[PDB]
Amino acid sequence: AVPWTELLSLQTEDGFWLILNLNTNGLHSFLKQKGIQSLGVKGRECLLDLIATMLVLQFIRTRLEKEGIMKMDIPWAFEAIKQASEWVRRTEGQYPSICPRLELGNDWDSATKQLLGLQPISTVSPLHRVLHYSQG
Amino acid sequence: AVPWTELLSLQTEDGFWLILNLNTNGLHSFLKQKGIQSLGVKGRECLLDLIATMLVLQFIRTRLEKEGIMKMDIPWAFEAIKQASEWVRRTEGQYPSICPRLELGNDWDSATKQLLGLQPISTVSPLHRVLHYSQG
Amino acid sequence: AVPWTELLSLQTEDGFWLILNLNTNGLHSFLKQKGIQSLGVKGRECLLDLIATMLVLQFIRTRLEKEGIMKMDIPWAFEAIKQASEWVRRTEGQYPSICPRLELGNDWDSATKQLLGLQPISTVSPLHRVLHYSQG
Amino acid sequence: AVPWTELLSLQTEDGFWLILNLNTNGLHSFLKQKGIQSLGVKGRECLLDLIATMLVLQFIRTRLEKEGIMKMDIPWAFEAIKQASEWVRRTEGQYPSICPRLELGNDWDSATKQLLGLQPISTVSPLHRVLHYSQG
Amino acid sequence: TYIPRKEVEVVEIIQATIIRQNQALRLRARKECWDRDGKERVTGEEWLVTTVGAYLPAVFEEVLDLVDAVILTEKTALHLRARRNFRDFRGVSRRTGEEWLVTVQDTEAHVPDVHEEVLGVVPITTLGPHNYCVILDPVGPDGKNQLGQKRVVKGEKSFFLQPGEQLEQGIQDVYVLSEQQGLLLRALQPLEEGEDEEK
Amino acid sequence: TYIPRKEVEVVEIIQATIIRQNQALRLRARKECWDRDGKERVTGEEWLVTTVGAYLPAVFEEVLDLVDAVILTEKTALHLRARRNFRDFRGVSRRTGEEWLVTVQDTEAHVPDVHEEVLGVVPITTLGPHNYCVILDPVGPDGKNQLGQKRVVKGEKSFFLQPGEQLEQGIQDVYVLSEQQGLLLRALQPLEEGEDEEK
């Protein structure tokens, strides 16, 4: 019973991304420590929009695969998922091996599952305060 | 439930910037100490309008990324954000490395997150009395 | 909720300046000590009108920057601010380094913030009785 | 709430000057001691009208600068202030250095502020009984 | 790995940017320094770096944005105002405000310098064997537009409208006439037209 | 870093300004001093500094505003009243109130001095081969406008209206006449017009 139309009300003009239930503040202060400022002002907004769009796509794929049913491109919301996947697959080639170097996982499937909160996070990983600062 | 139309009522004639919930007095007395008078009368008003416009853009980006969705340029307020981003990207080149030299952070993403108040401020940093003088 | 139209009712014929909430008497007796009489009868009225116009502009800029939004030139009062800024930028060149020599600060941004009362005043400075003689 | 129209009812035919709230008797007996009779009968009336017109102009400038807004020349009383300033600036050149020699201050700005009563009067100065003989 | 020290403090953990092929990276100075090529840079001075791979910035260098080269087909050229004095990749001296064009015979791809301004992409004007055109303000042998004049171009020919020039009334078609058709036409100025042997 | 002292007090922490290329910085004196070039300055005297980079002021120098040079294309010139006596970059002596023009043949970019006043940008007047114009108050060989007179300019020609001059009725077009057309025209003053051999 997640908001579906309310996501498309917040759909951006190009294809980039409460309705997510995630610590926003805490994630921005986490990425502030890792050195996102050194990628340029233009670069950090592109990277944050990339990570937000991957988070929305992982939320969509989690919503779909509970009923069983870059490759993700219902017929009524197929257009937004198609243009979001095309926005993902273009700007991802600018950043090879960016989820290890930003300390989020192996690849984007490992990163978005940990950031969404359905998969465990190890003690050797510093991603323990992204779900627990919202618990405080 | 932030005021949206009330910001556009306070929109300036060129594209520069309560509705912000920040110590104004205290920030001006903070920047008075660091030597903003030596940049010229014309220069200090341009710099203060730059910092206010970056603060409004960071407030907008914080409002957007809680729902997930210089690079920032809703369709109904796209014009003001576009002209504000064009006003930012023109006069920023006059000031290289200005946020370290004014003691606000590494770059503008590090500076506006600390000045807005969602990210921590270290003890080695003198930005502790910009959020606590409003608490007194 | 400051009086806005009541300022334009007190707008002078050329562009020079309760509605200010400042010790008038005390400021005039302060400037009487520093030797304003030696600048000529014509000169001291020009300087007092300059300082009053800078005070009104600083009050306007304080009113604007609480909502976030010589360089200062709302659309309905843009004409008076424009002609006041043009009156400021013409006669300021007659007086280089006048705020140190009259013991008011480094420049006009340092002077009007102390005279308005939102910024601290040091003990080495004689500007302590301009806000406290009104408290007595 | 000073009488404004009641001053123009007492406006003289050439441009020279209760509504002032000042010891008249005491000021005339003060100037009688200093040797105003030796300036000629015609001369002393011209000097007294000069000092009264400067007193009215200082009262006007005090009334204006509490709201912030020879150089003094509201639109409705601009004509009387203009002709009074032109009457001042003509006959002032007859008397160079007259306020020291009559023991009233450095110049007219120092003299009218002390005679009006808003600025302090030193013990080395004999102007202490012009405000206190009205208190007795 | 990094072993710490008492008198040395770690400020931040900077991350490289990835310059792909046919791109470049613009990055200014924050302080009077030298770059990796070993050239002096004043504060605020911007420049481009054109090495492919991960590019790690220096401590004073700042990364502003990535720039991608423009691809020039035979039917397009590149209109470029100059921003100040420099010498381009071909090695000719430019001056402030000077405009020119870049074609395929120069390079297949051009990455726009920080001393240049992309004004737009100029598509080729092509004339058939039955077409002609009149160029307003043509460019003479000194490279400067001859104001006020005109020039009539006819034939199977294709070319670029250089900056300053303009077509008068578009691509026009030539008057072919049968022997039952004639043209009445007036002279504006004294002329000489020797189509045949006579004049 | 700064180690303090008992008899020395830190007044403020001044910050440099960044002069980019094709700019300049205006800064006056607060006291009789010398500048970085080593020239005497009286109080209130303003001047310009044209070094690119971070420019740190001195203790008496004040930074008022940044000035940017104007770019001069072939179709624009620069109208400049003088403010007082000086010698410009070309090295000619000006006088107070004297006006003149700057063209591309002087410089591609001109940063307006503190001893000059930008009155406006003068676009070029261009005449076609079918156009003429009448200049009111033309400038003679002594550089001074000849008041009251006129001058008729005709042909494929482009030029700038120098200060003082004015076009009478705009760009006018010449009278071409067939052999079925004639003009009646009166003489205002005794004249001589030898178009052909006779007079």
# chains A, B, ... in the order shown; residues from 1 in each chain; ligands from 1
$ interface_residues --of "chain F" --to "chain B" --cutoff "9 Å" --atoms "only C-alpha atoms" --output "list in words"
residues 12, 13, 14, 15, 16, 17, 18, 19, 20, 27, 57, 62, 63, 64, 65 and 66 of chain F
$ interface_residues --of "chain C" --to "chain B" --cutoff "8 Å" --atoms "only C-alpha atoms" --output "PyMOL selection string"
chain C and resi 65-72+74-75+106-110+118-120
$ atom_distance --atom1 "atom CA of residue 56 of chain F" --atom2 "atom CA of residue 58 of chain E"
23.7 Å
$ select_by_dssp --residues "chain C" --states "alpha helix (DSSP H)" --output "compact mmCIF listing (two decimals) with N, CA and C atoms, in the first residue's frame"
# COMPACT_ATOMS: atom_id res chain seq x y z
N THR C 5 5.38 52.21 4.58
CA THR C 5 4.85 53.40 3.91
C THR C 5 5.20 54.67 4.69
N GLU C 6 5.26 54.57 6.02
CA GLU C 6 5.63 55.68 6.89
C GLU C 6 7.06 56.15 6.68
N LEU C 7 7.94 55.29 6.16
CA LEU C 7 9.27 55.74 5.75
C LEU C 7 9.19 56.61 4.51
N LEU C 8 8.41 56.19 3.51
CA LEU C 8 8.26 56.95 2.28
C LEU C 8 7.50 58.25 2.51
N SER C 9 6.70 58.33 3.58
CA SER C 9 6.13 59.61 3.98
C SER C 9 7.21 60.57 4.48
N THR C 24 18.92 59.56 18.93
CA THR C 24 19.29 60.62 18.00
C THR C 24 20.15 61.68 18.67
N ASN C 25 19.68 62.10 19.83
CA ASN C 25 20.30 63.08 20.68
C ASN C 25 21.72 62.66 20.97
N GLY C 26 21.82 61.44 21.49
CA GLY C 26 23.08 60.86 21.93
C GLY C 26 24.08 60.69 20.80
N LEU C 27 23.60 60.33 19.61
CA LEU C 27 24.48 60.21 18.45
C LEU C 27 24.98 61.58 18.00
N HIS C 28 24.12 62.60 18.06
CA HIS C 28 24.54 63.95 17.70
C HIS C 28 25.54 64.51 18.70
N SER C 29 25.35 64.25 20.00
CA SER C 29 26.34 64.68 20.99
C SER C 29 27.61 63.85 20.92
N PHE C 30 27.53 62.62 20.41
CA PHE C 30 28.73 61.82 20.19
C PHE C 30 29.54 62.38 19.03
N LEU C 31 28.88 62.68 17.91
CA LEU C 31 29.57 63.26 16.76
C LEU C 31 29.98 64.70 16.98
N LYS C 32 29.38 65.39 17.96
CA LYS C 32 29.82 66.74 18.29
C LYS C 32 31.21 66.74 18.90
N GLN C 33 31.54 65.69 19.66
CA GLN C 33 32.84 65.61 20.33
C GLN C 33 33.96 65.36 19.33
N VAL C 41 29.79 74.09 7.82
CA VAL C 41 28.37 73.95 8.10
C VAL C 41 27.70 73.13 7.02
N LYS C 42 28.07 73.40 5.77
CA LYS C 42 27.53 72.67 4.63
C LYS C 42 27.96 71.21 4.65
N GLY C 43 29.21 70.99 5.04
CA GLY C 43 29.78 69.65 5.10
C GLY C 43 29.21 68.71 6.14
N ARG C 44 28.91 69.23 7.33
CA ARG C 44 28.37 68.40 8.40
C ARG C 44 26.94 67.97 8.12
N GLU C 45 26.14 68.80 7.45
CA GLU C 45 24.79 68.37 7.08
C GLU C 45 24.83 67.30 6.00
N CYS C 46 25.75 67.43 5.04
CA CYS C 46 25.95 66.40 4.03
C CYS C 46 26.41 65.09 4.65
N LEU C 47 27.32 65.15 5.63
CA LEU C 47 27.79 63.93 6.30
C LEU C 47 26.70 63.28 7.15
N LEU C 48 25.91 64.09 7.87
CA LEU C 48 24.82 63.53 8.67
C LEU C 48 23.74 62.90 7.81
N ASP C 49 23.42 63.52 6.67
CA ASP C 49 22.49 62.91 5.73
C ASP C 49 23.04 61.63 5.11
N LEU C 50 24.36 61.58 4.86
CA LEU C 50 25.00 60.36 4.39
C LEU C 50 24.88 59.23 5.41
N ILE C 51 25.14 59.53 6.68
CA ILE C 51 25.11 58.50 7.72
C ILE C 51 23.67 58.04 7.97
N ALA C 52 22.71 58.96 7.93
CA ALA C 52 21.30 58.59 8.06
C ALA C 52 20.82 57.73 6.89
N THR C 53 21.26 58.02 5.66
CA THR C 53 20.87 57.21 4.52
C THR C 53 21.50 55.82 4.57
N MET C 54 22.77 55.73 4.98
CA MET C 54 23.39 54.43 5.22
C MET C 54 22.70 53.64 6.33
N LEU C 55 22.21 54.33 7.36
CA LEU C 55 21.47 53.65 8.42
C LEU C 55 20.14 53.10 7.92
N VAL C 56 19.44 53.87 7.08
CA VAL C 56 18.18 53.39 6.51
C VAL C 56 18.43 52.21 5.57
N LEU C 57 19.51 52.26 4.78
CA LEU C 57 19.84 51.14 3.90
C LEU C 57 20.24 49.89 4.68
N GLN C 58 20.94 50.06 5.80
CA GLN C 58 21.28 48.90 6.62
C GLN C 58 20.04 48.32 7.29
N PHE C 59 19.09 49.17 7.70
CA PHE C 59 17.82 48.69 8.24
C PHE C 59 17.02 47.92 7.20
N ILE C 60 17.01 48.40 5.95
CA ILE C 60 16.36 47.71 4.84
C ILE C 60 17.02 46.37 4.54
N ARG C 61 18.36 46.33 4.53
CA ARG C 61 19.07 45.08 4.23
C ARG C 61 18.92 44.07 5.37
N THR C 62 18.80 44.56 6.60
CA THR C 62 18.50 43.68 7.73
C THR C 62 17.08 43.14 7.64
N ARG C 63 16.13 43.97 7.20
CA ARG C 63 14.76 43.52 7.00
C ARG C 63 14.67 42.48 5.89
N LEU C 64 15.47 42.63 4.83
CA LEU C 64 15.41 41.69 3.72
C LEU C 64 16.10 40.38 4.04
N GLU C 65 17.32 40.43 4.60
CA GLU C 65 18.09 39.21 4.80
C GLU C 65 17.61 38.36 5.97
N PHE C 78 11.31 49.72 -5.08
CA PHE C 78 12.60 49.65 -5.76
C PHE C 78 13.10 51.02 -6.20
N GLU C 79 12.19 51.96 -6.47
CA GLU C 79 12.57 53.29 -6.94
C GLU C 79 13.29 54.10 -5.86
N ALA C 80 12.75 54.09 -4.64
CA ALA C 80 13.37 54.83 -3.55
C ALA C 80 14.71 54.24 -3.15
N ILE C 81 14.83 52.91 -3.15
CA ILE C 81 16.10 52.26 -2.84
C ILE C 81 17.12 52.53 -3.94
N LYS C 82 16.66 52.58 -5.20
CA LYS C 82 17.55 52.90 -6.32
C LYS C 82 18.08 54.32 -6.24
N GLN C 83 17.21 55.31 -6.01
CA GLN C 83 17.67 56.69 -5.90
C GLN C 83 18.47 56.93 -4.62
N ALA C 84 18.20 56.19 -3.55
CA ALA C 84 19.01 56.31 -2.34
C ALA C 84 20.40 55.73 -2.54
N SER C 85 20.50 54.59 -3.24
CA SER C 85 21.80 54.02 -3.56
C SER C 85 22.60 54.90 -4.50
N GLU C 86 21.92 55.56 -5.45
CA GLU C 86 22.62 56.50 -6.32
C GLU C 86 23.04 57.76 -5.57
N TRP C 87 22.29 58.16 -4.54
CA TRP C 87 22.73 59.28 -3.73
C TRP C 87 23.91 58.90 -2.84
N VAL C 88 23.95 57.64 -2.40
CA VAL C 88 25.06 57.16 -1.59
C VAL C 88 26.34 57.07 -2.42
N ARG C 89 26.26 56.44 -3.59
CA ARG C 89 27.46 56.16 -4.37
C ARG C 89 28.08 57.39 -5.01
N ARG C 90 27.42 58.55 -4.95
CA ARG C 90 28.02 59.76 -5.50
C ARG C 90 28.86 60.50 -4.48
N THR C 91 28.32 60.73 -3.28
CA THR C 91 28.98 61.54 -2.27
C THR C 91 29.91 60.74 -1.36
N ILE C 98 36.66 57.52 6.29
CA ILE C 98 36.02 58.46 7.20
C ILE C 98 35.46 57.77 8.44
N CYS C 99 35.08 56.50 8.35
CA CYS C 99 34.62 55.73 9.50
C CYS C 99 35.73 55.35 10.50
N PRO C 100 36.98 55.07 10.09
CA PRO C 100 38.03 55.03 11.12
C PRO C 100 38.30 56.38 11.78
N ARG C 101 38.40 57.45 10.99
CA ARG C 101 38.77 58.75 11.53
C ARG C 101 37.67 59.37 12.38
N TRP C 108 31.75 51.06 6.25
CA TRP C 108 30.35 51.37 6.54
C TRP C 108 29.56 50.14 6.95
N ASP C 109 29.94 48.96 6.44
CA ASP C 109 29.29 47.72 6.89
C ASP C 109 29.61 47.42 8.35
N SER C 110 30.83 47.73 8.79
CA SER C 110 31.17 47.55 10.19
C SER C 110 30.55 48.63 11.06
N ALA C 111 30.33 49.81 10.49
CA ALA C 111 29.85 50.94 11.28
C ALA C 111 28.35 50.85 11.52
N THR C 112 27.58 50.61 10.45
CA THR C 112 26.13 50.59 10.56
C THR C 112 25.61 49.38 11.33
N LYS C 113 26.35 48.26 11.33
CA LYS C 113 25.95 47.12 12.14
C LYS C 113 26.13 47.39 13.63
N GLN C 114 27.18 48.12 14.00
CA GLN C 114 27.37 48.49 15.40
C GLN C 114 26.39 49.57 15.83
N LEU C 115 26.14 50.56 14.96
CA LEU C 115 25.23 51.64 15.30
C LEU C 115 23.78 51.17 15.33
N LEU C 116 23.44 50.15 14.53
CA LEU C 116 22.08 49.62 14.56
C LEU C 116 21.83 48.80 15.82
$ calpha_fit_and_write --fixed "chain B" --moving "chain D" --output "short mmCIF file (atom, residue, chain, number, x, y, z; two decimals) with C-alpha atoms, in the first residue's frame"
data_model
loop_
_atom_site.label_atom_id
_atom_site.label_comp_id
_atom_site.auth_asym_id
_atom_site.auth_seq_id
_atom_site.Cartn_x
_atom_site.Cartn_y
_atom_site.Cartn_z
CA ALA D 1 4.68 22.14 4.92
CA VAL D 2 7.26 24.89 4.34
CA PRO D 3 6.09 28.19 2.77
CA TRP D 4 6.55 27.84 -0.98
CA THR D 5 4.64 30.79 -2.49
CA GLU D 6 5.87 33.05 0.34
CA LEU D 7 9.43 32.52 -0.94
CA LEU D 8 8.45 33.73 -4.42
CA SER D 9 6.82 36.74 -2.77
CA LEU D 10 10.31 37.53 -1.43
CA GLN D 11 12.01 36.78 -4.77
CA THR D 12 14.40 39.58 -5.72
CA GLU D 13 14.55 41.42 -9.04
CA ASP D 14 17.74 39.77 -10.33
CA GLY D 15 17.78 36.21 -9.00
CA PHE D 16 19.42 36.55 -5.60
CA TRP D 17 18.38 35.69 -2.06
CA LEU D 18 11.78 33.28 8.97
CA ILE D 19 11.23 31.28 5.79
CA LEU D 20 14.80 30.15 6.37
CA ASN D 21 14.82 29.64 10.20
CA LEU D 22 18.37 30.83 10.79
CA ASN D 23 20.23 33.34 12.96
CA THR D 24 20.60 36.35 10.66
CA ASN D 25 22.10 38.75 13.18
CA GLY D 26 24.57 36.19 14.42
CA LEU D 27 25.70 35.20 10.93
CA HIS D 28 26.28 38.85 10.00
CA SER D 29 28.31 39.44 13.17
CA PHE D 30 30.21 36.22 12.42
CA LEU D 31 31.09 37.37 8.90
CA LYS D 32 31.92 40.84 10.25
CA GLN D 33 34.83 39.36 12.22
CA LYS D 34 36.35 37.47 9.27
CA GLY D 35 37.04 40.60 7.22
CA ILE D 36 34.21 41.00 4.73
CA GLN D 37 34.60 44.78 4.81
CA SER D 38 37.94 44.54 2.99
CA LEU D 39 36.21 43.16 -0.14
CA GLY D 40 34.59 46.50 -0.95
CA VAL D 41 31.09 47.76 -0.21
CA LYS D 42 29.91 46.48 -3.58
CA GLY D 43 31.71 43.18 -3.06
CA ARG D 44 30.29 42.29 0.35
CA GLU D 45 26.68 42.74 -0.82
CA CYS D 46 27.40 40.49 -3.81
CA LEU D 47 28.96 37.87 -1.51
CA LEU D 48 26.08 38.02 1.00
CA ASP D 49 23.54 37.63 -1.82
CA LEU D 50 25.59 34.68 -3.13
CA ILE D 51 25.57 32.97 0.28
CA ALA D 52 21.84 33.63 0.76
CA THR D 53 21.05 32.19 -2.69
CA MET D 54 23.17 29.09 -1.96
CA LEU D 55 21.30 28.75 1.35
CA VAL D 56 17.92 28.90 -0.41
CA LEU D 57 19.12 26.32 -2.98
CA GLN D 58 20.33 24.01 -0.21
CA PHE D 59 16.96 24.38 1.55
CA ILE D 60 15.21 23.49 -1.74
CA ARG D 61 17.48 20.47 -2.33
CA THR D 62 16.87 19.31 1.25
CA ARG D 63 13.12 19.68 0.68
CA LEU D 64 13.34 17.64 -2.53
CA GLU D 65 15.67 14.84 -1.44
CA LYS D 66 13.59 14.00 1.63
CA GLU D 67 11.12 12.59 -0.90
CA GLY D 68 14.05 11.17 -2.89
CA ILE D 69 13.80 13.15 -6.14
CA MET D 70 24.76 24.40 -9.84
CA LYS D 71 23.19 21.25 -11.29
CA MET D 72 19.74 21.92 -9.79
CA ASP D 73 18.40 23.71 -12.89
CA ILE D 74 8.26 20.45 -9.68
CA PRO D 75 7.52 22.29 -12.94
CA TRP D 76 5.67 25.22 -11.37
CA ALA D 77 8.76 26.65 -9.65
CA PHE D 78 11.30 25.53 -12.26
CA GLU D 79 11.75 29.08 -13.62
CA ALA D 80 12.92 30.62 -10.33
CA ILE D 81 15.27 27.71 -9.61
CA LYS D 82 16.64 27.98 -13.17
CA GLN D 83 17.34 31.72 -12.94
CA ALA D 84 18.77 31.29 -9.42
CA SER D 85 21.13 28.56 -10.63
CA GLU D 86 22.18 30.78 -13.54
CA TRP D 87 22.82 33.62 -11.09
CA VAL D 88 24.91 31.26 -8.94
CA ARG D 89 27.00 29.80 -11.77
CA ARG D 90 28.03 33.22 -13.09
CA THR D 91 29.39 34.98 -9.99
CA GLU D 92 30.93 31.87 -8.37
CA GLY D 93 33.99 32.08 -10.63
CA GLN D 94 34.94 35.42 -9.10
CA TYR D 95 35.59 33.62 -5.78
CA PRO D 96 37.88 30.56 -5.98
CA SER D 97 38.46 28.81 -2.61
CA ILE D 98 36.32 31.28 -0.67
CA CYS D 99 34.65 28.88 1.82
CA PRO D 100 37.99 27.76 3.34
CA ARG D 101 39.28 31.34 3.53
CA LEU D 102 36.05 32.52 5.18
CA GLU D 103 36.12 29.42 7.46
CA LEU D 104 32.87 27.73 6.46
CA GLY D 105 33.96 24.34 5.09
CA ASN D 106 35.66 22.71 2.13
CA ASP D 107 33.22 23.81 -0.59
CA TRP D 108 29.65 25.09 -0.76
CA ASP D 109 28.09 21.66 -0.20
CA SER D 110 30.07 21.34 3.04
CA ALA D 111 29.31 24.94 4.01
CA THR D 112 25.55 25.11 3.45
CA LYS D 113 24.93 21.78 5.21
CA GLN D 114 26.69 23.06 8.34
CA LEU D 115 25.03 26.48 8.17
CA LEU D 116 21.59 24.93 7.65
CA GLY D 117 22.10 22.78 10.75
CA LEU D 118 21.51 19.15 9.68
CA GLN D 119 25.19 18.11 9.84
CA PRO D 120 27.62 18.16 12.80
CA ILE D 121 30.10 20.96 13.50
CA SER D 122 33.49 20.13 14.98
CA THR D 123 35.13 21.73 18.01
CA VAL D 124 38.11 22.83 15.91
CA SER D 125 35.60 24.87 13.88
CA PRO D 126 34.30 28.26 15.06
CA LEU D 127 30.79 27.63 13.66
CA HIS D 128 29.32 26.55 17.01
CA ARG D 129 27.71 29.89 17.92
CA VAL D 130 25.63 30.27 14.73
CA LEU D 131 23.06 27.72 15.91
CA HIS D 132 23.41 28.25 19.68
CA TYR D 133 23.21 32.05 19.87
CA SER D 134 19.69 31.51 18.52
CA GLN D 135 19.32 29.09 21.46
CA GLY D 136 20.11 31.97 23.84
#
$ closest_atom_pairs --of "chain E" --to "chain F" --cutoff "10 Å" --atoms "only C-alpha atoms" --output "tab-separated table"
residue	atom	partner	partner_atom	distance
E:29	CA	F:53	CA	9.6
E:30	CA	F:54	CA	9.1
E:31	CA	F:54	CA	7.7
E:32	CA	F:53	CA	7.8
E:41	CA	F:53	CA	8.5
E:42	CA	F:53	CA	4.8
E:43	CA	F:53	CA	4.8
E:44	CA	F:53	CA	6.5
E:45	CA	F:20	CA	7.3
E:46	CA	F:20	CA	9.9
E:83	CA	F:22	CA	8.9
E:84	CA	F:22	CA	7.3
E:85	CA	F:108	CA	9.4
E:95	CA	F:108	CA	6.5
E:96	CA	F:108	CA	5.6
E:97	CA	F:71	CA	6.0
E:98	CA	F:73	CA	7.5
E:99	CA	F:73	CA	9.6
E:144	CA	F:74	CA	8.5
E:145	CA	F:74	CA	8.8
E:146	CA	F:158	CA	9.0
E:147	CA	F:126	CA	6.5
E:148	CA	F:128	CA	4.6
E:149	CA	F:128	CA	6.1
E:150	CA	F:128	CA	9.0
E:186	CA	F:178	CA	8.9
E:187	CA	F:176	CA	9.1
E:188	CA	F:176	CA	6.9
E:189	CA	F:176	CA	8.3
$ select_by_dssp --residues "segment 74-153 of chain F" --states "strand (DSSP E or B)" --output "PyMOL selection string"
chain F and resi 76-82+86-87+93-94+99-102+109-110+116-123+125-127+131-136+139+145+150-153
$ atom_distance --atom1 "atom CA of residue 113 of chain F" --atom2 "atom CA of residue 142 of chain F"
25.6 Å
